[PDB]
């Protein structure tokens, strides 16, 4: 079991390898985490103990990846300056072919029938790629007036439409900046 700090150090190492094509040095980890090189080495040694990495400098291999362990978020609240306050419930391993390199992702459990005509059902998980922008027609996770919803996003001029995919429901329209885009729905996972 990883501590919060160990998880963050391991993700940094994995992401550095993905970006650069070789492992980070102890000094690089120390810079990232604002700790001494000695402190960074201590995290490396711990990750090696728990079997997540194998260890000249940069002699580092990932033995157990956590990059595809995607956070499942439940509640999201509007905080200071409407920053999204996310309440993590779990991490779920998502198959690599469903994830885009280059983005972070989270999962949400679908509540209700707002997206049923897009074949997204109550109880599904949606895989959300984190982004604060959207194109018209994108299925987004958005927050407005402290409500998180899934909807198709449209902007025309100063107005954003959050359009359900359900003939029993109506679209909602807002002054554009009131709508915080949390990300774009890029996968759906359903247990029957």
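Positions refer to the first chain, counted from 1.
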### Task
Classify the number of deposited-sequence residues missing from the model between residue 38 and residue 39: none, 1 to 3, 4 to 9, or 10 or more.
none
### Task
Between 68-76 and 92-100, name whichever shows the higher mean Cα B factor according to the PDB entry.
92-100
### Residue stretch of maximal mean CA temperature factor, 168-176 vs 8-16
168-176
### Query
For the listed 31, 130, 163, 58, which has the peak Cα B-factor recorded in the PDB entry?
58
### Query
Can you tell me which third, lowest, middle or highest, the CA B-factor of residue 83 falls into for its chain?
highest
### Query
Lowest, middle or highest third: where is residue 145 by C-alpha B factor in its chain?
highest
### Message
Looking at the temperature factor on the CA atom of residue 44, which third of the chain's modelled residues does it land in?
### Response
highest
### Query
According to the PDB entry, is the CA B factor of residue 119 in the bottom, middle or top third of its chain, that is, lowest, middle or highest?
middle
### Query
Hey, what third does residue 53 fall into on Cα B-factor, ranked over its chain?
highest
